[PDB]
Structure formats: C-alpha cells, structure tokens
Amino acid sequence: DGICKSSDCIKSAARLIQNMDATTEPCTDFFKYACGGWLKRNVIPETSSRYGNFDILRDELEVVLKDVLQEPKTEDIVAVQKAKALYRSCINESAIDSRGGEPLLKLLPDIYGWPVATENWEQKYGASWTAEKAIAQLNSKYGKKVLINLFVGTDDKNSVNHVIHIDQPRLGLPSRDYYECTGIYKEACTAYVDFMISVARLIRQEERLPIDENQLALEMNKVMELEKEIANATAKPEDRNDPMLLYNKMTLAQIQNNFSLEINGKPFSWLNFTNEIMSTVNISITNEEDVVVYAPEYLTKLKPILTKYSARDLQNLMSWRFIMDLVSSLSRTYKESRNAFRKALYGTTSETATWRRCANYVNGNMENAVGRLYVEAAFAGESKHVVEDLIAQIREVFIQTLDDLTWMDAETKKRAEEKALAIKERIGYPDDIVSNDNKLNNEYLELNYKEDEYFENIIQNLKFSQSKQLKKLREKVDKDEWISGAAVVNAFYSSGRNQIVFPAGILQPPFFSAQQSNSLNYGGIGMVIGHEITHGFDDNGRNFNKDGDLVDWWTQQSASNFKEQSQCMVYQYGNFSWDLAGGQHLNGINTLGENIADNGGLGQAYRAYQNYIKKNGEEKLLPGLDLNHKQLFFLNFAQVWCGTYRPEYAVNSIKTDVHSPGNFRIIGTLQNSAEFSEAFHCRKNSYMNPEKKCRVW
C-alpha cells in the first residue's frame, strides 16, 4: 500500500492535521495554512505573554521538573539534595508570607539604603556615599548594574582569556523606546512609577514611617525624569550590531582621561570603582589594566547628566532597580504591587503557578544538577547519536553550498570552510553530570540552603553567581564548559567558543524523534541545526574566526557583497507590519542576523533531506494527509512556530526580540524559498512566491 501505520507515524499525522487549516490556500498564507487549526483551538493563558509550540513544550518540561524535584530519595547525592531543598524553600509561600518585607529591610542598609523609604538619608548614608562604592556594592555582591555596567567576560580578540568590559546598563522598562511615555508606552510608564510608589509606601508602612503621598510622587517622578535621561543617552541596538566597531580596548588610564564623570560634586575614579568591585574576590587592579569599552558614546553623554543630580536622586534609582526584582520574592502584599506593571509589559492578569516559577528558578541556578535529573527521567540515549549524524550531514551541506555561492571569492570560501569544520557540537547533555558525582557535588559545595529562608537562598545565589564570574579575570576560558543546561527547549551558538548546542529539551517532537519520518526531522531539528551553524556566519558571527577571535577573514569584496546580499532581508522583513504590535513595522536591522539564520538553516536542511532521499529513497507516506514528504518537510518546519502574542507583549518584543515573530519567520523564509513554491505549485507573484527572493547562505 505504501502508507506508514506505526504508533509514531499516527501521533505525527494527528498532530499535523489538528494544527493545520486545509481550507486556506498554502500559497496565500502558509502561516494560516499550517497553524490555523491550532490558533482556533487555543487561547493565550492568563499567565502567558506568548503562547505557541515552544511554550507548550516548555510548560511540559516544567512538569517533568516538578516530578523529579518534589520527592526526596534516600540515594540522592548532596548536589541533588541542595536542588530539592531550594525547590522546597521556594514553594513554601506561607513561610515566605509570614516574613513580609523583613528580609528586604535587613538588606537595604547593605546597599546604602533607599532614600524615599528612609528618613534623614543624607545624614545616615550621604556621609560615606560615593558613586564608586555605591555602584560597586550592587554590582559585586548582587550582580545588579545600575549606571555603569562593568562585568568580566571573554576577550573578543583573544577567546582563551577574560577581560573587564564597560558597557551601558539595562533599564527598568523593556527598551529605551518606552521612555517616550506616549501612546503605546504611556500605560507602561505610568504603571512603572506607580510601581515605585506602591513599593515605597509598603516599606514605609512596614517601618511605621509617615507617608506623604505628594513627597512620594515627587521623588519617584524625579527617578523617572532621571532614567529618561540615561535611557535617551544609550545607543540604539542598530548602532551596536557591528562587533568590530564596538570593541574599543583601553587602559584605566585612557578611560580616566577620556571619560571623566562629575557625580555629587566629586570626580569619578575608575580605578577606585574597579578595585571596589574586584577586591570582593581578593584581586587588585592597576591603571595599566586593559579594558574593553562597548558604549564610549554613552559614557560621554553621561557626564553632563549626572552633574545635575544629587547623591540622593541617584540612589533612589539605583536601589529601586534592585528592589524591582526582590518584591516578587517577598510576601503576597509585595507581590501584588507588581500587578499593573506586569500587565503593562506582558499583558498577563496573574502570575505563573508557583511551582512552575520555582522549578524554573532551580533549573537556572543549578542547571547541571537539574539537567542530571531531567535526562535520567525524560531523555533517551539512542537519540544522542542520531543527532550527531544529522549535524554531520548539515555541516557538510553548508560546506558544499559554498562552492555554489557566487557572491564570494575563493579565498574567503576557504576561510569559511575552516570555521565550519571547526565548530564544536554539544548534543543532549555532558556525560559527567550523570557519571561524575564528585565534580557535580563540588560545583555547589559552597552553597548551603535553609528551607525556611527562601530570600536568603536567592541572595546567596546572587553572591555565588557574581563571585564565580569575577574570579575568572586571570583564568583561562574552560573549553569543556557547555553554554546551556540540558533541561532547555532551545538551541544556541557561541561566537567566542564557535560552538553549537542542542540540549535534550529540544530533542523531542515536533523537532526530532528517532521513530518519526525523516521529512519531519530535517524540517524540524535539521532546520534548527542549520540555524545555529549559520549563526557563525551572520552579520555578527562572521566577524569571529574558527577559534572565537574577533578578527577579519573576509576580502573587501566578499564583505561588501555580504552586506549587499543581506540588505535584501533587511528590506523584506522591515516591510512586514505586525497587527498585534499596532500595525508597526518590524525592525529589519535588529532581526537581520536571526532571519539570515532562518533562511540559511531551512535551505540547508532541505538539501540534506534531498541528499537523504538520494541515498535511501522515498519514505512511507503519512496517513490522513494528502501531502507528499517534501510538503511535510515545510509543514513541520512551519508548525514549529505556531503561536501568537498578546498585544502588550507584541509591543514589547518588536523592540526587544532579535527574532522575527513566529508568523513572519514562516512567511519570510518561504517567500525566499523556490523549493517551497515547487512543493506547493505556487503561482508566480502569489504572496508566498514573490519573484524577488532574498538569499545569503
């Protein structure tokens, strides 16, 4: 007969049919054709800003984590006992509620206090207050970066070393655009300041202090007028997309003489500020210390901003940026204060289940311990080798494709083949989290969790996470380190390591399964592999060589052609209007690197499936679907992205997500795919088959 009738063929067909909408013409709108069935069935949960195939698999992963973390076992090693202890302290909301804001009150004296919730702040803290010491205490002990973001990272131009970086800090709101505070941003700006006052009023109440509502509004609006200035001083993402132009190496000498700051009437000392941070880990810094400055323009515009503000004005913002994140770890009364702010940025009317939030927290701070339990329970050993093979097939397809690229000269292709051949693959999980108990126990040896003290535990993880990062300055980059835990539904690429990673969490349907049809595997995990490989060659990754160093290996002509070729995708996606975002246009520049990966990866997966058919021949067709296997390749790729957004978060993500929305990743990459238009016999100049097609890789 020629029809597959296995248990896995039937699960796939059912999932494929239930998600699609065959009453739509594939060539008019393939997103609706592949996801219409799913969109009609589902509605975004009240706790979700975004919902789709990825979000469902992640909520499903959270269930597996609940199972493994919630029941102790007598044979559990210490590394596992600590994860479960942390989980339990997090889900005991009665123990957290009984403490109110007390944990925060003990903590405020350690960060020079919060003026608005303090009395005679200038007399108490203004004496010993210096921007150097104030900013340094938040960075070094709690990893919170408020005015200058100094961090220890890998040297872009020497991937085996670490160096100190100076960069502009994050903001309270999702992006710099929000600080216009008009139209689509007004509600968020309002809830943001209201959020300040609510928290300030709860702290004063709990300290039995007098509450002057007009004094609160006055102080917290000054905080907003201040962050507006800092926000407007920051560089657009568009002006930070070239890592060559962004890397500026200086000494603390050059930095002091080229970026001075007058704060609270006192000059800023970069050596005093730096040593205030590094001394936390018994490390000394001299004025010949090398530094990488990522936001030199920001530092320049910062100088006249901070002269106009007092030490009190500055502290009210700095402490607030830390208190933002801690209120959700306090009692219900403090959690409630974040409601209007969360609704405004994410559109959610309630918070995610406590155990869901907690499971995620333990997975993010103990990724190797949790990954161990996740793979033991939910990952199959068979699949690890099948994916290794898929990566080999796709790596070669990328290399062979170089011969056919006409916008590149021979010498540049040769250098490209080098990087490709040198990409390090990481599949599933590192074996030693399951087999080396000693190494795993030692990773968390200096952590000790009290079960009735969840706030002490999160603060401990902040100190352990920042301390661990600061003592890497004089150390070599550990090559064995994975760039992701195993209990993750995603994949990644590191340019500094030239490494692609595919955690266990993403090695499941619809992406991959050793028993489902190959057409679905290539169109699923295959496309994702090519995506991660092509990240080494996008507008950002192409600037790094085979060893992870930010060095030029492109001829003047090939580089000019890359920009020329990629400019097509800039215009394509920048013309897509997103109704959920208010008919705004996508930022084709900020999303270029991801669209390059999407278009390249899909084309590379299809060629690998063609090559597979060549060797092994056709596959047994799926039941219930009047579709051939080439059409199923594109259908599964499309259903990987089924989903929708809340309008509040479409406004958030269109400015902050470097990815295109799920629907435009489908329309965009297929519009540029002739192989798609062949599989579905799309007439020329139909929406899905425009004559003008972009291509890079």
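Only the largest set of C-alpha atoms that superpose within 1.5 Å between the two forms is called the rigid core. From 1 onward, residues are counted along the sequence shown.
Greater average departure of CA atoms from the shown form, over structures and residues in 5 other deposited structures of this protein after a core fit, characterises 125 to 133 among 125 to 133 and 356 to 364. Judged by mean Cα B factor in the deposited record, 215 to 223 ranks above the other of 215 to 223 and 525 to 533. For the pair 64 to 72 and 662 to 670, the record assigns the higher mean C-alpha temperature factor to 64 to 72. Of the candidates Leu147, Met324, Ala392, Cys358, the PDB record gives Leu147 the highest C-alpha temperature factor.
The top Cα temperature factor in the record, among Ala253, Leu592, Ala369, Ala486, falls on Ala253.
For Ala79, the recorded CA temperature factor ranks within the middle third of the chain's modelled residues. In this PDB entry, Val43 carries a Cα temperature factor that places it within the lowest third of its chain's modelled residues. Per the deposited record, the Cα B-factor of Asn689 falls in the highest third when ranked against the other modelled residues of its chain. The deposited CA B-factor of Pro623 belongs to the highest third of values across its chain. In this PDB entry, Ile459 carries a Cα temperature factor that places it within the middle third of its chain's modelled residues.
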